[PDB]
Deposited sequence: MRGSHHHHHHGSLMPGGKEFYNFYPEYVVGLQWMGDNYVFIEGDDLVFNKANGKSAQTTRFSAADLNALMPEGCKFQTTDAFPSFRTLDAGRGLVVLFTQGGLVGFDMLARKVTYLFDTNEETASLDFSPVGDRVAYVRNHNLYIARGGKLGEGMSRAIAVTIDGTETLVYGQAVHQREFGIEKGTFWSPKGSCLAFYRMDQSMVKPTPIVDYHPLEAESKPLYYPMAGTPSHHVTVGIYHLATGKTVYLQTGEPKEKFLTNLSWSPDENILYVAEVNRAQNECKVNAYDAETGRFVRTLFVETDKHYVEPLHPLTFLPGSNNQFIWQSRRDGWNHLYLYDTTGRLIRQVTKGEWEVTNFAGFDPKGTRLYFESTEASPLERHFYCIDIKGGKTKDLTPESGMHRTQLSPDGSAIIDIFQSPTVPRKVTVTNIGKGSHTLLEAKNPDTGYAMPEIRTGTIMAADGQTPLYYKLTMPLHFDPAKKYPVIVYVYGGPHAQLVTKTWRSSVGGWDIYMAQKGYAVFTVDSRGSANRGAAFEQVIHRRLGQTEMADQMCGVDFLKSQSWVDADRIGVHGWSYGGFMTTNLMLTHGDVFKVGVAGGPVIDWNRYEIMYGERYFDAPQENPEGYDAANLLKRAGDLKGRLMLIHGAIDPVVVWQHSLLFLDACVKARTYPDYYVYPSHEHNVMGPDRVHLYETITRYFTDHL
């Protein structure tokens, strides 16, 4: 997932009050306070909210976790997960927590003050390096971010069982010990055998476990597990290897037996379920399902028989976040791009459909939180002219501004606009960061910062940078930085994105060159000093651009670059490129190893040695291919980092990257 480093917010709901920290106190407002001392006075700070409605949180302290009720100001339970915190998943009942330790899934029960503790229960006992329990599966695709799913009333715990013994692993080497130590990473590459995932359901009352009878193919992707409100059924969105069919099936939670198929979604290119079924309040028969079936992500209302009652939201825009319903379940609240693809607004719409009502009309980026009630919202706004403006509003009533931020020196000027894609019809939005102290009478070198892969959108109406401030940093050194969201990028509908199917890099590069044509039309641009930089999909693009248009891009820096898609994962890779065996021509055209001989400019590849997203092998083989082809790239490796360089070391990364450009461009 594309991440904007160096972000420049404790706000949230607890009961019917919005709460935020102020270093010492936790301020509740409709305006009471809770000092760290008062809290500590109840202990036998940072915390994770478990139930916003009830204001129940869990405090991470030395020697266990401490559940605490912020509204009643009382300790709930003390939990002992043997120091495990990464996989913690608390039951909705709040008195139990599931977690994974040493390959196995466990359930720990909270203990009340001075009531004694109980030993956790082992749901599984045969976990191993090739048999994973309760963890994310399918490479975290399809919205999967964990492997434990509590039933609504806490009666059962569903979990993933991933047998990856048939997956040929990649070595991940830790160079810190005296002798380096390798550990296998079961990264399933495109076209190879995938892992086998099954779903288990542990019944807490009986201690019995049953597995869903999902059948064959065993490689089928089991996604978006969703429990029925009454806990009798567990719904699963099953996706085939081709990823062009998604069947929403209901399974009997008691026996694991298949019950029925509610509906099936198909697509010419690919179907991609990303969200679970969300049942209407108080209903066990109606639920909202998100789908991009009509070319745009919208909310669909289904009954559990599989009948589509109605497509609630409609239009050439996309729902970017479903926030929930009103108490009675007659209204839907969500964030969308209706106002503009470059903006995010919070809307309300009748469950019967119709016109939407924008609740945050100010132009810019709105990130909103619906209160447990459904009566008020916390809104955090920002725009090119507005750093941030925090607002709390009683839907319908008035709005209260909690905060709103707003020199003798300078900052890089940021220009924005639109240009036509390579098809001459589709408009592309760009962001141009001007050199510091820009002089319209002078010529300047320019660097295209590119990503261009699906799921990301770098050009929005936000405050400052969207790429970790790297564009601003480069600009401070006299280099303009240009970025354009080429076709394939997100939040512009399926057509805009799927044009890249089976042909990664082709349309993307054509659109990026339209960006270059725009830059060359600028009189202040030195057409002979154009560079390019990107990470991940952007690393692939950076490299592909230098090999494909070596006369234009003189210098480039590619981080964690995908070089050979046959070596990228099955799930993400085969969705956009199909399988290697089904698309030799597309894969061959994007295989940068085959065109290393076309590198005539200066290019530095950068890689984290323990990168589990883009395996190190990608950049190493590119250098190898360059040796054979007699071309000369440069290199740098961060042995302690994974896909991206985070933390203070990112300073070293920026210095390395920028100096390469100031040295050679």
Write out the missing regions of the deposited sequence in sequence order, one range per stretch. 1-18, 27-28, 51-57, 72-82, 445-447
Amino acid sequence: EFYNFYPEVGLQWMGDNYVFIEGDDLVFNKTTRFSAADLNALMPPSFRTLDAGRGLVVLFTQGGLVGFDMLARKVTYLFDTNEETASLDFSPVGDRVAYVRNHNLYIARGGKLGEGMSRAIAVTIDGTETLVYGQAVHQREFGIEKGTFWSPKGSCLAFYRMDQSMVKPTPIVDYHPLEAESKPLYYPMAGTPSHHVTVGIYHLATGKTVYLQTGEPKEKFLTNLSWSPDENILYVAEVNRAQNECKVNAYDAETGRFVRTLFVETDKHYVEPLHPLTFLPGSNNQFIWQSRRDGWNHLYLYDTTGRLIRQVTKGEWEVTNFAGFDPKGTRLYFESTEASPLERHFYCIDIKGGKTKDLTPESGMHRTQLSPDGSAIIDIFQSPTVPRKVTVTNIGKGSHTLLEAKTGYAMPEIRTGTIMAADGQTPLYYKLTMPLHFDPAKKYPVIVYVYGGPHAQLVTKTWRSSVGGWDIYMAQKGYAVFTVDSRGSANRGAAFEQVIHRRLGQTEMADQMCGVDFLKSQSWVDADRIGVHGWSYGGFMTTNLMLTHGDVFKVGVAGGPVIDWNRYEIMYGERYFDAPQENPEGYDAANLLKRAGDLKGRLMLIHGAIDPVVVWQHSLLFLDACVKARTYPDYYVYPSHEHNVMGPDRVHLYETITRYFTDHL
From here on, numbers count along this sequence of modelled residues.
Taking the mean of the C-alpha B-factors per stretch from the entry, tell me the winner out of 560-568 and 456-464. 456-464
Stretch with the higher entry mean CA B-factor, where the candidates are 276-284 and 386-394: 386-394
Out of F149, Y77, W296, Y251, which one has a C-alpha B factor higher than all the others in the entry? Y77
Among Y451, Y133, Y409, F482, which residue carries the highest C-alpha B-factor recorded in the PDB entry? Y409
When the deposited Cα B-factors of this chain's modelled residues are ordered and cut into thirds, is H607 in the lowest, the middle or the highest one? lowest
Chain-relative C-alpha B factor for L403 (record values, thirds): the highest
Ranking the modelled residues of this chain by C-alpha B-factor as given in the entry, is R529 in the lowest, middle or highest third? middle
Tell me, lowest, middle or highest third: where does the Cα B factor of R119 rank within its chain? highest
Comparing against every modelled residue in the chain, figure out the third that the C-alpha B-factor of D326 lands in (lowest, middle or highest). highest
